[PDB]
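Below is one structure, written out as structure tokens; comments come after it.
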Amino acid sequence: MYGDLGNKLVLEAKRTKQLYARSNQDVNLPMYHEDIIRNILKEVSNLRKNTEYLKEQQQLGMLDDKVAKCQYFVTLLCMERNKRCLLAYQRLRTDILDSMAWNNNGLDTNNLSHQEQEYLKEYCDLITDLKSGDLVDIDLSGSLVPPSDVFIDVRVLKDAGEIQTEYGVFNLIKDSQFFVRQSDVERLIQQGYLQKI
Amino acid sequence: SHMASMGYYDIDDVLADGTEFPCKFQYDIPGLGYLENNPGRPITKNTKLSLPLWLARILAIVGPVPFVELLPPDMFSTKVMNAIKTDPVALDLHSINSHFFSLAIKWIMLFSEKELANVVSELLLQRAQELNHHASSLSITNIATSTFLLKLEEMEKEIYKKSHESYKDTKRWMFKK
Amino acid sequence: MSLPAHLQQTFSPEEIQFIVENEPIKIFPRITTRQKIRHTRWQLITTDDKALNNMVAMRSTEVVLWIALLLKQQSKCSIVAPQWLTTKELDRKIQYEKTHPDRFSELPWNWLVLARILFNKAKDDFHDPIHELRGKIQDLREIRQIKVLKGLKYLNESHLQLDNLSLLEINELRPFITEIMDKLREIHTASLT
Amino acid sequence: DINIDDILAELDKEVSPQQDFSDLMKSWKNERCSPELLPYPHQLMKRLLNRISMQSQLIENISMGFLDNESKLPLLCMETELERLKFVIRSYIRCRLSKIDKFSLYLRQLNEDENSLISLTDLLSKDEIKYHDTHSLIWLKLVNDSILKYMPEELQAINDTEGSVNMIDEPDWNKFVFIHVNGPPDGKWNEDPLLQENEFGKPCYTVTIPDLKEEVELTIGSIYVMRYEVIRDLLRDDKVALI
């Protein structure tokens, strides 16, 4: 019956919830089920046709006091359930896109629906609007691991040559090592040019 | 009515609401035969269906004589109540229902049952002792842990994953920088 | 979301270290910063500046622990362990623990965190031999872990009382005690009319 | 014996950067640990965001003297203190942005409810009012186009409280939280009307948990696992802190 497509969408939601927490990295979230979602939206359209085809037949006289009191209500409950599965799936994928927008793009696009490619842009634009204002003195997209550490040894993990950064210049020669203040290199550590800590 | 601690967008609540319960219809109803997998027939009084909980929870309330009776489900039969009361730690709840505790809470709401609330409060408190032993025990996995995690619900696996990562990150901090 | 999932309702052990690093500790300076009546100066904004511009070598003073560790990283300080990090005071607490099954002893909230920081960073500054201090910190850690496992037999719909439990000992138990008492409360309130 | 100590106390009697940081630490610890979105420290935050701007200018000005004793430890400490302070505020704001995400439809409900006991501008920073109002339209446009466009009109509401499940996720008011019972923030215990003694002498607050019809005494200087709905009034009044 009608909810059985929704359950397949939310079993894919659950598997992507597990996937994104089990695997230690930021994984690329799996491809949007445009097909299962079109099946669900098509079934909601047939439940709408059944509300239309009932709502007229009330005036034609077919014992609506019992008959419509149940048939409308069950047709409506099926559409509440399909709305919930779609919204529960779409909110989970939203939570992961916001996590990318803070964690990485704060400092795979084939997988996203076009509304999500759009939403991810508008949300990265919102993040940069918060840090570009008052509260600019603290880099909100910065690290949540506390600064227990003052100067650190860092080993340069990939060649990138002479690079600028706001605080200074480094020549990132493959397998040279720097002893430098943690606050200067922290974004290069996040980009994966540097190793240690 | 719904309780605020189980969420709209909460995937394990969406999945729990999907599970079927046995239902007797108390009325004849045209058009609804798609619930019996034949759209062309009416529903007939004393048909014994199985309906998803998101449909059954609501049909049990409205119609006084409502559209449906919920029959007592297998997972709350006296057999399962007896098995819970002898040995909570040994019991393979993940075979009885993968969502047993979420479904228990919904059943205790839907019919106020001081009896089932006692049995399920005790099952939870007794299995929580073992969840803390298997979460606390960190290698420098065992069969005696893995045989227990296979007996484990989709509710208690969250508590296990979360508690285990709490002990593990604390060891990881104490015994290196 | 904006905050990572493993931080959503609790502190990381590194945030529990950061909280403990905000406490005062006594030190013996190896620099005299105090200018005579007969130069750079500290100018801090979260802690008392007047303690650091007045250091005299080998007269003890108190500073915030994250400055003591930053000075002790050079040869420029030595960190005076609190009175409770003595083999006498640890052994009185071990006796208290064995004598009173029903209670935790009155150790300070930061005792595991501060022991772990100072045994790594200030290993040379103990008056007692550090292998007997590590030994008694472990003896205390293990007795309190038994008393915790006894306490969890009483998870409840209403409350618990956990009087002298450390911040690090609360922080490992938080996502278990609160998650189980939350489901015991949901199962209970569901039964009510 | 003639007990003098009040005569000796009257003879003896003859806002700051260190204090505000201690209120930021209280705010950060309670915000991480509570289920509710607590009200924003409006004046505290304006003060700290001044001191970070002035101190970060001062560290740069002192680094101009080094072009011309000349010991560098106080530069190292003034810099590592700004990193420690900027971390607490970033971790604080990132935490309460995470709650505005969870509670958008609940905060929208407090804002549509013109009879509300709370104005949203009491509760949120100007930058959180910005984040809230626009993140709500960005997410609403996504779902409204992508799936709601196809729904029948009475199901197009993203915030329907009348349906089979309430779509507005409220805070879990009864969350168990760990509390440490401070006593009054003033050392002056005799001021407080809620506080009272016990047997064994020791003072406490009494609170009733209404589902169970149970009174509990929260004795000063001890730690409880306790329901947040019972604590709110003591926490807002600074009588307890969340561990």
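A note on labels: chains of the structure tokens are A, B, ... as shown, every chain counts residues from 1, and ligands are counted from 1 in their shown order.
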Note to self: Taking only chain B into account, list the residues labelled helix (DSSP H, G or I) by DSSP (computed from the backbone), as a PyMOL selection string.
What the structure shows: chain B and resi 11-16+32-36+53-59+74-76+78-86+93-96+100-110+114-136+143-149+156-174
Requested write-out: C-alpha atoms of the selected residues, as an mmCIF file, in the first residue's frame:
data_model
loop_
_atom_site.group_PDB
_atom_site.id
_atom_site.type_symbol
_atom_site.label_atom_id
_atom_site.label_comp_id
_atom_site.auth_asym_id
_atom_site.auth_seq_id
_atom_site.Cartn_x
_atom_site.Cartn_y
_atom_site.Cartn_z
ATOM 1 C CA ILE B 11 14.414 8.749 11.124
ATOM 2 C CA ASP B 12 14.179 5.977 13.739
ATOM 3 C CA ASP B 13 10.703 7.334 14.688
ATOM 4 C CA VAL B 14 9.627 7.375 11.023
ATOM 5 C CA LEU B 15 10.769 3.754 10.706
ATOM 6 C CA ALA B 16 9.125 2.652 13.994
ATOM 7 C CA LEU B 32 -10.739 0.930 1.166
ATOM 8 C CA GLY B 33 -10.084 -2.635 -0.176
ATOM 9 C CA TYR B 34 -6.549 -1.463 -1.218
ATOM 10 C CA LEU B 35 -5.717 -2.091 2.507
ATOM 11 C CA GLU B 36 -6.605 -5.789 1.800
ATOM 12 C CA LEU B 53 1.230 1.936 13.017
ATOM 13 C CA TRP B 54 0.939 5.422 11.388
ATOM 14 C CA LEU B 55 -2.477 4.362 10.035
ATOM 15 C CA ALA B 56 -3.540 2.045 12.892
ATOM 16 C CA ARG B 57 -2.705 4.554 15.698
ATOM 17 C CA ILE B 58 -5.150 7.017 14.088
ATOM 18 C CA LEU B 59 -7.954 4.648 12.950
ATOM 19 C CA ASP B 74 2.958 -10.851 19.069
ATOM 20 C CA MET B 75 5.781 -8.628 20.451
ATOM 21 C CA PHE B 76 3.686 -7.815 23.591
ATOM 22 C CA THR B 78 2.630 -13.016 27.430
ATOM 23 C CA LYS B 79 5.431 -15.243 26.002
ATOM 24 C CA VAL B 80 7.644 -12.188 25.397
ATOM 25 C CA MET B 81 6.634 -10.720 28.788
ATOM 26 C CA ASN B 82 7.723 -13.948 30.525
ATOM 27 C CA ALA B 83 11.016 -14.076 28.612
ATOM 28 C CA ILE B 84 11.725 -10.419 29.584
ATOM 29 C CA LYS B 85 11.047 -11.135 33.284
ATOM 30 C CA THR B 86 13.363 -14.196 33.595
ATOM 31 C CA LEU B 93 15.196 -8.268 21.455
ATOM 32 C CA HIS B 94 16.566 -7.451 17.962
ATOM 33 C CA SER B 95 14.780 -10.617 16.776
ATOM 34 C CA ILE B 96 11.480 -9.763 18.547
ATOM 35 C CA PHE B 100 10.947 -2.738 20.408
ATOM 36 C CA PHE B 101 11.457 0.173 22.887
ATOM 37 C CA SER B 102 10.115 2.908 20.556
ATOM 38 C CA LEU B 103 7.093 0.689 19.878
ATOM 39 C CA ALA B 104 6.659 -0.126 23.567
ATOM 40 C CA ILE B 105 6.453 3.604 24.438
ATOM 41 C CA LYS B 106 3.874 4.166 21.633
ATOM 42 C CA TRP B 107 1.798 1.184 22.887
ATOM 43 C CA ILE B 108 1.958 2.406 26.556
ATOM 44 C CA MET B 109 0.757 5.864 25.375
ATOM 45 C CA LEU B 110 -2.008 4.466 23.175
ATOM 46 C CA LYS B 114 1.112 0.447 34.296
ATOM 47 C CA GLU B 115 1.805 -3.308 33.798
ATOM 48 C CA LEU B 116 3.767 -3.050 30.532
ATOM 49 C CA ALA B 117 5.476 0.156 31.688
ATOM 50 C CA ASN B 118 6.906 -1.772 34.680
ATOM 51 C CA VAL B 119 8.112 -4.720 32.540
ATOM 52 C CA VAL B 120 9.755 -2.433 29.932
ATOM 53 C CA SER B 121 11.293 -0.095 32.565
ATOM 54 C CA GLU B 122 12.942 -3.167 34.112
ATOM 55 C CA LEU B 123 14.108 -4.658 30.777
ATOM 56 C CA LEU B 124 15.753 -1.301 30.004
ATOM 57 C CA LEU B 125 17.396 -0.860 33.408
ATOM 58 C CA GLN B 126 18.769 -4.444 33.468
ATOM 59 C CA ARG B 127 20.167 -4.380 29.890
ATOM 60 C CA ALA B 128 21.687 -0.953 30.593
ATOM 61 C CA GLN B 129 24.043 -2.594 33.147
ATOM 62 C CA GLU B 130 25.519 -4.784 30.408
ATOM 63 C CA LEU B 131 25.580 -1.942 27.906
ATOM 64 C CA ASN B 132 27.867 -0.123 30.376
ATOM 65 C CA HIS B 133 30.182 -3.113 30.806
ATOM 66 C CA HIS B 134 30.577 -3.642 27.051
ATOM 67 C CA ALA B 135 30.995 0.117 26.460
ATOM 68 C CA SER B 136 33.558 0.527 29.264
ATOM 69 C CA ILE B 143 33.309 -12.931 21.234
ATOM 70 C CA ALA B 144 31.594 -12.243 24.602
ATOM 71 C CA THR B 145 31.005 -8.604 23.469
ATOM 72 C CA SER B 146 30.082 -9.372 19.833
ATOM 73 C CA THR B 147 27.496 -11.996 20.903
ATOM 74 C CA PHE B 148 25.769 -9.230 22.933
ATOM 75 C CA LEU B 149 25.869 -6.471 20.256
ATOM 76 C CA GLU B 156 20.208 0.637 22.358
ATOM 77 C CA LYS B 157 22.807 0.668 19.571
ATOM 78 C CA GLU B 158 22.693 4.504 19.709
ATOM 79 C CA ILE B 159 23.326 4.401 23.454
ATOM 80 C CA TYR B 160 26.120 1.847 22.926
ATOM 81 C CA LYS B 161 27.865 3.761 20.055
ATOM 82 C CA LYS B 162 27.594 7.036 21.989
ATOM 83 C CA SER B 163 28.704 5.629 25.379
ATOM 84 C CA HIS B 164 31.552 3.649 23.848
ATOM 85 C CA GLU B 165 32.961 6.704 22.003
ATOM 86 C CA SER B 166 32.714 8.587 25.331
ATOM 87 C CA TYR B 167 34.896 6.079 27.211
ATOM 88 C CA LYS B 168 37.168 5.659 24.190
ATOM 89 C CA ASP B 169 37.852 9.384 23.747
ATOM 90 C CA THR B 170 38.584 9.655 27.499
ATOM 91 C CA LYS B 171 41.173 6.800 27.344
ATOM 92 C CA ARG B 172 42.569 8.355 24.137
ATOM 93 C CA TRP B 173 43.090 11.650 26.033
ATOM 94 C CA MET B 174 44.536 10.198 29.279
#
With chain A as the partner and 7 Å as the cut-off, tabulate the residues of chain D that qualify, each row holding the nearest pair of atoms and their distance in Å to one decimal, using only C-alpha atoms, sorted by chain and rising number, as a tab-separated table.
residue	atom	partner	partner_atom	distance
D:53	CA	A:137	CA	6.8
D:80	CA	A:150	CA	6.8
D:83	CA	A:147	CA	6.6
D:84	CA	A:147	CA	6.1
D:86	CA	A:138	CA	5.6
D:87	CA	A:146	CA	6.5
D:90	CA	A:140	CA	5.5
D:91	CA	A:144	CA	6.1
D:127	CA	A:130	CA	6.5
D:138	CA	A:119	CA	6.5
D:142	CA	A:115	CA	5.8
D:146	CA	A:115	CA	6.9
D:150	CA	A:41	CA	6.8
D:152	CA	A:48	CA	6.7
Can I get the selection written as a PDB file, in the first residue's frame, with N, CA and C atoms?
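Generated output (again-v2.pdb):
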ATOM      1  N   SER D  53      38.903  43.412  20.101  1.00  0.00           N
ATOM      2  CA  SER D  53      39.318  44.404  19.112  1.00  0.00           C
ATOM      3  C   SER D  53      40.430  45.332  19.620  1.00  0.00           C
ATOM      4  N   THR D  80      48.460  34.094  22.897  1.00  0.00           N
ATOM      5  CA  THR D  80      47.777  32.850  23.243  1.00  0.00           C
ATOM      6  C   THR D  80      46.533  33.085  24.077  1.00  0.00           C
ATOM      7  N   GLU D  83      43.808  33.740  21.498  1.00  0.00           N
ATOM      8  CA  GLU D  83      43.374  32.474  20.919  1.00  0.00           C
ATOM      9  C   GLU D  83      42.483  31.700  21.878  1.00  0.00           C
ATOM     10  N   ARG D  84      42.824  31.616  23.162  1.00  0.00           N
ATOM     11  CA  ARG D  84      41.964  30.983  24.163  1.00  0.00           C
ATOM     12  C   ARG D  84      40.642  31.703  24.302  1.00  0.00           C
ATOM     13  N   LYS D  86      39.083  33.855  21.961  1.00  0.00           N
ATOM     14  CA  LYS D  86      38.350  33.743  20.703  1.00  0.00           C
ATOM     15  C   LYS D  86      37.780  32.357  20.536  1.00  0.00           C
ATOM     16  N   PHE D  87      38.456  31.303  20.979  1.00  0.00           N
ATOM     17  CA  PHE D  87      37.892  29.964  20.967  1.00  0.00           C
ATOM     18  C   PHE D  87      36.619  29.849  21.790  1.00  0.00           C
ATOM     19  N   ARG D  90      33.834  31.617  19.845  1.00  0.00           N
ATOM     20  CA  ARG D  90      33.462  30.870  18.636  1.00  0.00           C
ATOM     21  C   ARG D  90      32.696  29.617  18.992  1.00  0.00           C
ATOM     22  N   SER D  91      33.183  28.839  19.945  1.00  0.00           N
ATOM     23  CA  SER D  91      32.525  27.623  20.404  1.00  0.00           C
ATOM     24  C   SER D  91      31.169  27.911  21.012  1.00  0.00           C
ATOM     25  N   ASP D 127      22.992  39.092  14.911  1.00  0.00           N
ATOM     26  CA  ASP D 127      23.502  38.141  13.914  1.00  0.00           C
ATOM     27  C   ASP D 127      22.794  36.789  13.939  1.00  0.00           C
ATOM     28  N   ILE D 138      15.808  30.107   3.090  1.00  0.00           N
ATOM     29  CA  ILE D 138      16.653  29.247   2.261  1.00  0.00           C
ATOM     30  C   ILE D 138      16.199  27.786   2.330  1.00  0.00           C
ATOM     31  N   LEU D 142      13.854  25.488  -0.516  1.00  0.00           N
ATOM     32  CA  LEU D 142      14.316  24.166  -0.925  1.00  0.00           C
ATOM     33  C   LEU D 142      13.191  23.148  -0.844  1.00  0.00           C
ATOM     34  N   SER D 146      10.807  21.686  -3.910  1.00  0.00           N
ATOM     35  CA  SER D 146      11.241  20.322  -4.210  1.00  0.00           C
ATOM     36  C   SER D 146      10.221  19.242  -3.920  1.00  0.00           C
ATOM     37  N   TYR D 150       3.953  19.736  -4.827  1.00  0.00           N
ATOM     38  CA  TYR D 150       3.082  18.657  -5.258  1.00  0.00           C
ATOM     39  C   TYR D 150       1.975  18.298  -4.262  1.00  0.00           C
ATOM     40  N   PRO D 152      -1.411  18.461  -1.711  1.00  0.00           N
ATOM     41  CA  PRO D 152      -2.686  19.148  -1.613  1.00  0.00           C
ATOM     42  C   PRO D 152      -2.612  20.277  -0.597  1.00  0.00           C
TER      43      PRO D 152
END
Next item on the list: In Å, rounded to a single decimal, give me how far atom CA of residue 145 of chain D is from atom CA of residue 6 of chain A.
Entry: 18.9 Å
Next item on the list: Go ahead and compute the interatomic distance for atom CA of residue 130 of chain D and atom CA of residue 2 of chain C, in Å to one decimal.
Entry: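 Pair atom CA of residue 130 of chain D / atom CA of residue 2 of chain C returns 15.2 Å.
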Next item on the list: Work out how far apart atom CA of residue 75 of chain D and atom CA of residue 23 of chain C are and give it in Å to one decimal.
Entry: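 Between atom CA of residue 75 of chain D and atom CA of residue 23 of chain C the gap is 21.3 Å.
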